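Report on the following structure.
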Amino acid sequence: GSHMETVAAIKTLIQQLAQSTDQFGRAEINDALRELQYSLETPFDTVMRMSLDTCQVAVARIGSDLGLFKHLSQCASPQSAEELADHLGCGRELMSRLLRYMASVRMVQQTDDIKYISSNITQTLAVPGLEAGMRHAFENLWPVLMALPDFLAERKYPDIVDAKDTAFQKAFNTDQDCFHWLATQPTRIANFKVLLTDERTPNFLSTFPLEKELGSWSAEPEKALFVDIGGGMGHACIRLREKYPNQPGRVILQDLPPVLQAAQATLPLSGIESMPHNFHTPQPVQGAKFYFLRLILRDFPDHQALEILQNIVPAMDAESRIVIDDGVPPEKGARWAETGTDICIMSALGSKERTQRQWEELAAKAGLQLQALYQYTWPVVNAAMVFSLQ
Amino acid sequence: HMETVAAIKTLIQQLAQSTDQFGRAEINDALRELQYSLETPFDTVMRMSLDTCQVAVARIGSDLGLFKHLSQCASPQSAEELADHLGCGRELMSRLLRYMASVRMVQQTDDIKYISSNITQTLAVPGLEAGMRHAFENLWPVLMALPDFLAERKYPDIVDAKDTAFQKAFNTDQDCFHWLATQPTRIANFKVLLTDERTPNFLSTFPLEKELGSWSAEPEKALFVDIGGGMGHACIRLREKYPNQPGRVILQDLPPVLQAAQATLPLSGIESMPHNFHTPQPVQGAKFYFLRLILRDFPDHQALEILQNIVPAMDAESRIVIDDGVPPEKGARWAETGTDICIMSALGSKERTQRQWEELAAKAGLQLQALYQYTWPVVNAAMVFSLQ
Ligand SMILES: C[S@@+](CC[C@H](N)C(=O)[O-])C[C@H]1O[C@@H](n2cnc3c(N)ncnc32)[C@H](O)[C@@H]1O
Ligand SMILES: C[S@@+](CC[C@H](N)C(=O)[O-])C[C@H]1O[C@@H](n2cnc3c(N)ncnc32)[C@H](O)[C@@H]1O
């Protein structure tokens, strides 16, 4: 045989195994491919990889600035480096070198006659919410990660527990915490507004046993079934009303006024209320069945997350539940997608990922006890944790 | 589910063992391509968001001395033990180790203790650690500056070392080479980085006797002039592989680098000669004038000047051997194109295909006689040039 024939055969077999399974099996296969790559690389390969994989975010940012990915995604035929350069207003040599690099990391695809077509990654980077995620990685995460090593060295490697005293303050030369500082930056606010439009899949309703959790709960008089606290575009409310259209009870999306305004266009005309509410203030809706917090508490250290829960707890009755939908990394063998997040949010927000036991300790500080845990993603675990009053 | 994954790992491991280092490199590139093709859109953005953590966390571990310590440890270590020994917060240490284990920077045991992986050992080696630190402190800033630099300037073709992303990244008018002389810690890290020797090298495929022909070392001619030879690894390996070939073997570099090289050079057989390769070549009529990973760091203008400084010293039998990257016309790999982007951003230079090398050398009056590749699939080659 030959190295090329062996490589093609590996690809053929891995592709057959991947299609055959579901999305969780494909995620497990991808994690295995990454681990194999790390185990088989040479020392020089390790250093080269660490040196050069960072180029991907910068070059994706350049392609986004140029509008290259959306343009290539709508192109019917392969495009030369000339055509793309002239159309997008880029230097021809610069464009050619960028495209060669992008093709080498599958950001685009290069044809046999050295022309260019969209890849899966091209299409992904053309989607506004995902492009906004990439831009957030470049303009928000990279600086904090840049500042983290010298920040830890200066401070003799402390345990970071405060949002106002972490790498972010050094990275952006400010006293403010990340959220307060971002509120003053219009372009970053706009990018976050676009990033909110991305909807994760799957969601908690794929495994959440709603009827069982409800039991004999009654919606009268005018009680709320579901209060989506910091619900963003209200994707959770939309999916809930879609899956259980005949279930009685108010479905309430709570967020800040600008986000609710952004959400108005894609919300259904009836069945979901938009209610301006700051979750650092007491919860107005009394005795709701579910108070839902998805990807909220992960962004706050224990003190602030506890304060958010303490703003909710006095509104609960015996049947009320607080549903924390968030990451629940394992005690051991956590994956890169749950630990890298931990490092990023430590550096930018002073917060952390929490194991199930850590979630239970935090919630017990608020007077809550865990009743059930409903995983809905694998192998990186996201779960809806249902808490009741102690 | 688990079983299938374990079987894939077993099979890929066996296939990697079945082949040589070039086959393993091809397999690794295939695994990367498969990962990119099979990831979800969300996975793509997540990977791009989080893989940046690896360099920062490796830098932290290097600052702590974690990798060398773990590399010398006889038994698995708890996060508590590592934190107390290295002077790190216990919570911070535990979170760092969890992250590192997730990317194989260390290995986590079933009882949540930690041992060295191949990557731990790699990051403990001074030259490779220095490469990682160079990526963090030198490359990252320039790459972070590149998008806004290009946007500000309406996306120009970068051709000048004094007008690229580096100037914006480090708020200076100087080119990278002038600016480095004013930075002590970066100079020290580069000094350590010079001690790393790439493998394999050109002598694995270079037909020395064939290229030599009937060339005579008599009466006192030079066989090999290593221009910008650094530690002189090429000279050392040449004398090791061809101990009986006569002729002077000369390491040329700047005085601080030659002083650094003196300790590990052999006691005899290799001359250390101070020479700035921006000035005429002093050694006349040598058989091989060797430039390894030199010209890639310069735009066409300066690289041409470097070659023109050598050409007048050549006789009919002299050859200029450019040992450098020769990426293909199409299908270039990430390790050659990422380098192209980095050196564009920092130095204003570029990677060159074989045709581009031949055009550059023809401007100096040189013609390509032979090309001897010695790495795959990323192409490094010794290109042998003679007078036109
Ligand atoms: C992770 S994002 C949205 C997550 C959303 N629950 C989801 O999964 O679809 C965080 C959300 O919290 C909102 N938010 C931030 N600060 C808030 C506050 N003080 N009061 C209410 N909502 C807030 C933001 O507007 C944003 O929509
Ligand atoms: C890529 S590093 C050394 C690579 C070396 N040829 C090898 O492959 O082993 C570049 C080398 O060029 C040297 N150098 C830089 N400027 C120089 C100059 N003006 N004259 C001579 N050497 C120089 C540096 O000291 C450094 O050793």
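Only this structure's heavy atoms are used, side chains among them; waters, hydrogens and symmetry mates stay out. Both counts, for ligands and for their atoms, begin at 1 and track the order of listing. Every chain is numbered from 1 and lettered A, B, ... according to where its sequence line falls, protein lines coming before strand lines.
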statement: atom 15 (C) of ligand 2: of B:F177, B:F277, B:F290, the nearest heavy atom sits on B:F277

query: What do you reckon, does B:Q252 have a nitrogen or oxygen under 3.5 Å from a nitrogen or oxygen of ligand 2?
result: no

- request: Give the residue, atom name and distance (to 0.1 Å) of the protein heavy atom nearest atom 21 (C) of ligand 1.
  value: A:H277 O, 3.2 Å

query: Taking the six-membered ring for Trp, is the centroid-to-centroid distance between A:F168 and A:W181 below 6.0 Å?
result: yes

- request: May I ask whether A:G231 has any heavy atom positioned less than 4.0 angstrom from an atom of ligand 1?
  value: yes

query: Hey, does B:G228 come in under 3.5 Å of ligand 2, counting only N/O atoms on both sides?
result: yes

- request: May I ask whether A:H235 has any heavy atom positioned less than 4.0 angstrom from an atom of ligand 1?
  value: no

- prompt: Going by atom types only, do A:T207 and A:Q375 share a side-chain donor-acceptor pair under 3.5 Å?
  reply: no

- prompt: Counting heavy atoms only, which of B:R198, B:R237, B:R292, B:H278 is nearest atom 7 (C) of ligand 2?
  reply: B:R292

task: Starting from atom 1 (C) of ligand 1, locate the nearest protein heavy atom and write down its residue, its atom name and how far away it is, to 0.1 Å.
output: A:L295 O, 3.2 Å

- request: Please check if the distance between the ring centroids of A:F290 and A:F208 is under 6.0 Å.
  value: yes

- prompt: Is there a donor-acceptor contact under 3.5 Å linking the side chains of B:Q252 and B:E271?
  reply: no

message: Applying the salt bridge (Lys or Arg N to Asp or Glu O under 4.0 Å) criterion to A:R354, which one of A:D342, A:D326, A:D302 satisfies it?
response: A:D302

task: Please work out whether any backbone atom (N, CA, C, O) or any side-chain heavy atom from C-beta onward of A:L196 is under 4.0 Å from ligand 1, and answer side chain, backbone, both or neither.
output: side chain

query: At a 4.0 Å threshold, what atoms of ligand 2 neighbour a non-hydrogen atom of B:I294?
result: 10 (C), 11 (C), 12 (O)

query: Is there a donor in the side chain of B:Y374 and an acceptor in the side chain of B:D323, or the other way round, less than 3.5 Å apart?
result: yes

task: Nearest heavy atom to atom 25 (O) of ligand 2 wins, so pick from B:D253, B:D324, B:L193.
output: B:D253

message: Are any of the N/O atoms on B:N276, whether in the backbone or the side chain, positioned under 3.5 angstrom from an N/O atom of ligand 2?
response: yes

message: Less than 3.5 Å apart, any donor N or O on the side chain of A:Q176 or A:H180 sitting next to an acceptor on the other?
response: yes

Ring centre gap for B:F177 and B:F298 strictly below 6.0 Å: yes

message: Any donor-acceptor pair under 3.5 Å linking the side-chain atoms of A:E353 with those of A:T341?
response: yes

task: Heavy-atom contacts with A:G232 under 4.0 Å: which atoms of ligand 1 show up? List them by number with element.
output: 27 (O)

